[PDB]
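J.: Take this structure, written in structure tokens, and hold onto it; I'll ask about it next.
Chains as they are written, first to last, in UniProt numbering: chain A, 34 to 453; chain B, 36 to 480; chain C, 1 to 78.
Put into structure tokens, the structure is as follows:
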């Protein structure tokens, strides 16, 4: 019954993807290339306030009207932001999907941005940042990106503390007018026909300009931030530059991630096929957790090792994981382990596109990144095309590359970058 | 493409019964993945206070080695194919479920047939998992909502097996032996209380053939003919309060007795919960939220969060609300919460009932998304109702609910009832049981 | 000249911290005051990690994803 994913690029650059699966629950997303990476050092945290400003007054629908109508039809509105792009998703049943469609398009394309609303919303900025920073690996990833990049990927996803109380309405208007333009958006629908989606696209999404602002190419620096905060667990991340999205080598890096361990497969398991867990676990009698970290962005890459250990044994855990990756980089690997890593990657992709939310996130990401819809069979085919020598080359690129380290906890025994 | 025929277009769950009496149910989709699980009608309600940690300790021990796959081999060929292995235990059900690809469907099934049937329970592994469970309960001590819901069960179901936790007390964890685990397995892992459920890219005849080849000729006979029964559990209007002023926030749960699984009034009660709803401090709605409790909690800065629950067991349950807030707001929060309940007993209008019906419809259709929650729903449905209730039947039962029967059901289950109260944290301003009990009715009505 | 005040001329009060247990007769220059710093929000405590078995899965492997909602709690994935 989901017979075809039907795809259309309009002449203004706006992408429209729709799939009529006749599901009882329609889901419609708008994907904008307007992430946190497009701010410079003058308007930091503007994307966080824009993410929190999805329920403000629009020129066509007030905030009370938007909230009451969305909760009256039972649907929901969500904003999902990475460093690269943002996604505005609305969820509802088919019989009142269109009221949600004017609500979504009004919020995304015509904000009013009244200054008393954003003055009320900066306290929500502070609360949201505290709730997100409640757990340590969020701050580790933020500090790791700030270590790794000079600009255009090191901008934080969450608003800095000094910028709270200072983000104005004209900064939000400038960000929307320069980044929410027609050539950087994809409208994706599950449970709707192409005709309704394309007619609301020509009735809403034709008043914007073009390609907008370019960016700053995200150059690499490296370094180290150590945040001594006296936690019982030391969190460390050691990363290096890797391939970008669209490079074939990045696929090899993904295989290398599943060669080293990208998460457990058994609730309370020993991670027997994880090479990092096998290399660290033989010399540790106290709890730890080690995995491979992979992050591919449209112009850059970051592959590395994440370790969580005790304060007194952080050095031996980090050194054992680094020696395991160095042993992988010297051609010491089994082809059965590469096949198991490929099976893990294929199963992870097919389980990620299993739900409708993950499916529409995949379609929107593909439409923004490449302007086309790639079938999952073709994705698995190019996963199976990866050679093991490419995995050795990816591990050698990680080993010989300049490192970037973010650590937190009681770092009295955590080694430095030159001490590795 | 209307909602009614869209719910008719959902595939029918196909159910068959083996010779030993275990149910085999499947729902087919076009996904390339699948979720295959085993649901066992066993939990902490079936324990007699000497083996109170038995099911928890067996689900710790289930993936650590069997007779045909000793030690860490079962890990090796569950994760050589990229499959994910999960298990959980409630007070009434136990689940062992595998997420895998469709083409690995046979081996996964016999892996399940290797887990619930031929588990090897080694003694050093018993010692290791005893220490692991002790420190995992130490970890769970610092999560306040788990402590509050355990306190709510313990004070609402006093003297019954429903009061005790799934993990059990720590002394039982210290002194469970291998013989008690084998007795628990041979008493509760019987074929007529097992459902093999599958969702996704699963062919039902292939699943039935694999269940005939692997899951046949197991159990079905009590060896001493000592057939257990499920006695009803007495609800007790009571209060437990654990005052500890060093904690930063206070968690309070207030519940009344629910009707149970088989009562259709749950559907109406679910609509009632959808009128009250939930709120968290990161919600973007603010003051314009449709729930009056959430709007007054935003406007008066009362609560960190609140939620409503309808937990159902075999002809019983807890229907109520849990909120976390600072101390100085606690009593005020209780007041507004009780007011909403009395509003649903007395002055429920059709607009909020229609909103709650839409919220419930969206909630259940959004929950049935993906192979894992569909297989989870199939397992619970055949364990509780004896059948898989189709989604069009749920829509009909939702659409038959109006404001009059919502008022009647809310008055029958809420008005002038003795609640169970659990509190943890700075709960000095948490009101007395007499004040809460007086707030459970109105003098104006 | 073996002192931080004799060798570091302008950077004397930044390499040295001078407190007074009992105040002298002459008041110090630049008395200073704290202009009522704000209170961080009160959050519920997260569970700790005391076994390897619950630590398994806590290490990040994917880029940071933030999600907010109209009536859905905010979440972050790793």
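The C-beta atom is built at its ideal place from N, Cα and C for all residues, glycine as well.
Could you check where the alpha helix (DSSP H) with residue 81/B kicks off and where it finishes?
T.: The count along the second chain starts at 1 and reaches residue 81/B at position 46. Looking at the DSSP string, residue 81/B is not in any alpha helix (DSSP H), and its letter there is neither H nor E.
J.: Is the Cβ-Cβ distance between residue 465/B and residue 394/B less than 8 Å?
T.: The sequence position of residue 465/B within the second chain is 430, counting from 1. The sequence position of residue 394/B within the second chain is 359, counting from 1. Not a contact, by the Cβ cut-off of 8 Å.
J.: Which residue marks the beginning of the alpha helix (DSSP H) containing residue 146/B, and which one marks its end?
T.: Walking along the second chain from the start, residue 146/B turns up at place 111. Residues 140-150.
J.: By how many angstroms is the C-alpha of residue 271/A removed from the C-alpha of residue 375/A?
T.: Reading the first chain from its first residue, position 342 is the one you call residue 375/A. Reading the first chain from its first residue, position 238 is the one you call residue 271/A. Going from the Cα of residue 375/A to the Cα of residue 271/A covers about 24 Å.
J.: Near residue 261/B, which residues of its chain fall below 6 Å by C-beta distance, leaving aside the five closest residues on each side in sequence?
T.: Position 226 of the second chain, counted from the start, is the residue given in the question as residue 261/B. Excluding residues within five positions, none has a Cβ falling inside 6 Å.
J.: Look at the alpha carbon of residue 383/A and the alpha carbon of residue 242/A, and state the distance between them as a whole number of angstroms.
T.: Along the first chain, read from residue 1 onward, the residue named residue 383/A stands at position 350. Along the first chain, read from residue 1 onward, the residue named residue 242/A stands at position 209. Each residue's alpha carbon lies about 37 Å from the other.
J.: Inspect the beta-carbon positions of residue 51/A and residue 226/A and report whether they are closer than 8 Å.
T.: Mapped onto the first chain, residue 51/A falls at position 18. Mapped onto the first chain, residue 226/A falls at position 193. Yes, these two residues count as a Cβ contact at 8 Å.
J.: So, helix, strand or coil for residue 396/B, using DSSP?
T.: Counting from one through the second chain, the residue named residue 396/B turns up at place 361. Reduced to three states, the DSSP call for residue 396/B is helix.
J.: Tell me the DSSP secondary structure of residue 365/B in three-state form.
T.: Reading the second chain from its first residue, position 330 is the one you call residue 365/B. Here residue 365/B sits in helix by DSSP.
J.: Hey, would you say residue 165/A sits closer than 8 Å to residue 42/C, going by beta carbons?
T.: Here residue 165/A corresponds to residue number 132 of the first chain, with the count starting at 1. Here residue 42/C corresponds to residue number 42 of the third chain, with the count starting at 1. No, the Cβ-Cβ distance between residue 165/A and residue 42/C is not below 8 Å.
J.: In chain B, which residues lie less than 8 Å from residue 54/C when you measure between Cβ atoms?
T.: Taking the first residue of the third chain as position 1, residue 54/C is located at position 54. Within 8 Å Cβ-Cβ: 171 and 174.
J.: Here's the rule: buried if 16 or more other CB atoms are within 10 angstroms of the residue's CB, otherwise exposed. What is residue 8/A?
T.: Chain A is shown from 34 up to 453; residue 8/A falls before or after that span and cannot be answered.
J.: List the residues that DSSP assigns as beta-bridge partners of residue 334/A.
T.: By one-based count along the first chain, residue 334/A stands at place 301. According to DSSP, which records beta bridges pairwise, residue 334/A is partnered with 329/A.
J.: Can you check whether the C-beta of residue 161/A is within less than 8 Å of a C-beta belonging to chain C?
T.: Residue 161/A sits at position 128 when you count from the first residue of the first chain. Taking Cβ atoms only, chain C reaches closer than 8 Å to residue 161/A, which makes this a yes.
J.: I need the DSSP call for residue 56/B, collapsed to helix, strand or coil.
T.: Here residue 56/B corresponds to residue number 21 of the second chain, with the count starting at 1. Of the three classes helix, strand and coil, the one that applies to residue 56/B here is coil, per DSSP.
J.: I'd like to know if residue 47/C contacts chain B, where contact means its C-beta is closer than 8 Å to some C-beta of that chain.
T.: As a position in the third chain, residue 47/C is number 47, starting the count at 1. Chain B, which has a Cβ nearer than 8 Å to the Cβ of residue 47/C, makes this yes.
J.: Is there a C-beta anywhere in chain A that falls below 8 Å from the one on residue 75/B?
T.: Translated into the one-based positions of the second chain, residue 75/B becomes position 40. Judged by the 8 Å Cβ criterion, residue 75/B is not in contact with chain A.
J.: I need the DSSP call for residue 299/A, collapsed to helix, strand or coil.
T.: Start at 1 with the first residue of the first chain, and residue 299/A comes out as number 266. If DSSP states are grouped into helix, strand and coil, residue 299/A belongs with the strands.
J.: Is the distance from the Cβ of residue 319/A to the Cβ of residue 343/A below 8 Å?
T.: Here residue 319/A refers to the residue found at position 286 when the first chain is read from its first residue. Here residue 343/A refers to the residue found at position 310 when the first chain is read from its first residue. Closer than 8 Å, so yes.
J.: Between residue 58/C and chain A, is the shortest Cβ-Cβ distance under 8 Å, so that the two count as touching?
T.: For the purposes of this step, residue 58/C is taken as residue 58 along the third chain, with counting starting at 1. Yes, residue 58/C lies at the interface with chain A (some Cβ there is under 8 Å from its Cβ).
J.: Residue 123/B versus chain C: which residues are under 8 Å apart at the beta carbon?
T.: Sequence index remark: in the second chain, residue 123/B carries index 88 (1-based). Within chain C, no residue comes near residue 123/B; the closest Cβ sits about 14 Å away, beyond 8 Å.
J.: Can you give the Cα-Cα distance for residue 388/A and residue 62/A, rounded to whole angstroms?
T.: In the first chain, residue 388/A corresponds to position 355, counting from 1. In the first chain, residue 62/A corresponds to position 29, counting from 1. Whole-angstrom Cα-Cα distance: 15 Å.
J.: Judging by CA-CA distance, which residue of 253/B, 315/B, 241/B and 192/B is the nearest neighbour of residue 268/B?
T.: Stepping through the second chain from its first residue, residue 268/B is reached at position 233. Checking every option, the nearest Cα to that of residue 268/B belongs to 192/B.
J.: Please state whether the Cβ-Cβ distance between residue 10/B and residue 90/B is less than 8 Å.
T.: There is no way to answer for residue 10/B, as the model of chain B reaches only from 36 to 480.
J.: Could you tell me the alpha carbon to alpha carbon distance between residue 79/A and residue 68/C, rounded to whole angstroms?
T.: Mapped onto the first chain, residue 79/A falls at position 46. Mapped onto the third chain, residue 68/C falls at position 68. Cα to Cα, the separation comes out at about 15 Å.
J.: Got a sec: is the Cβ-Cβ distance from residue 167/B to anything in chain C below 8 Å?
T.: As a working note, residue 167/B is residue 132 in the second chain. Yes, residue 167/B lies at the interface with chain C (some Cβ there is under 8 Å from its Cβ).
J.: Can you check whether the C-beta of residue 66/C is within less than 8 Å of a C-beta belonging to chain A?
T.: The count along the third chain starts at 1 and reaches residue 66/C at position 66. So, interface residue.
J.: Verify the CB distance criterion: does residue 11/C have a CB-CB separation below 8 Å to chain A?
T.: Taking the first residue of the third chain as 1, we reach residue 11/C at position 11. Judged by the 8 Å Cβ criterion, residue 11/C is not in contact with chain A.
J.: For residue 52/B, is the classification buried or exposed, using 16 other Cβ atoms within 10 angstroms of its Cβ as the cut-off for buried?
T.: On the second chain, residue 52/B is found 17 positions in, with the first residue counted as 1. Result: exposed.
J.: Using the beta-carbon count (16 or more within 10 Å), is residue 100/A buried or exposed?
T.: Within the first chain, residue 100/A is the residue found at index 67, counting from 1. Residue 100/A is buried by the Cβ-count criterion.
J.: In whole angstroms, what separates the C-alpha of residue 195/A from that of residue 155/A?
T.: As a position in the first chain, residue 195/A is number 162, starting the count at 1. As a position in the first chain, residue 155/A is number 122, starting the count at 1. The alpha-carbon atoms of residue 195/A and residue 155/A are separated by roughly 12 Å.
J.: Alpha carbon to alpha carbon, how far is residue 230/A from residue 426/B?
T.: Here residue 230/A corresponds to residue number 197 of the first chain, with the count starting at 1. Here residue 426/B corresponds to residue number 391 of the second chain, with the count starting at 1. Whole-angstrom Cα-Cα distance: 28 Å.
J.: Is the segment 104-123 of chain A in contact with the segment 65-73 of chain A, if contact means three or more CB pairs nearer than 8 Å?
T.: Segments in contact, yes.
J.: State buried or exposed for residue 99/B, treating a residue as buried only when at least 16 other CB atoms are found within 10 Å of its CB.
T.: Residue 99/B sits at position 64 when you count from the first residue of the second chain. The residue is buried, with at least 16 neighbouring Cβ atoms inside 10 Å.
J.: From residue 33/C to residue 26/C, what distance separates their C-alpha atoms?
T.: For the purposes of this step, residue 33/C is taken as the residue at position 33 of the third chain. For the purposes of this step, residue 26/C is taken as the residue at position 26 of the third chain. Roughly 18 Å between the two C-alpha positions.
J.: I want to verify the contact list: residues of chain A whose CB lies under 8 Å from the CB of residue 28/C, in sequence order.
T.: Position 28 of the third chain, counted from the first residue, corresponds to residue 28/C. Neighbours of residue 28/C on chain A: none; closest Cβ ~29 Å, over 8 Å.
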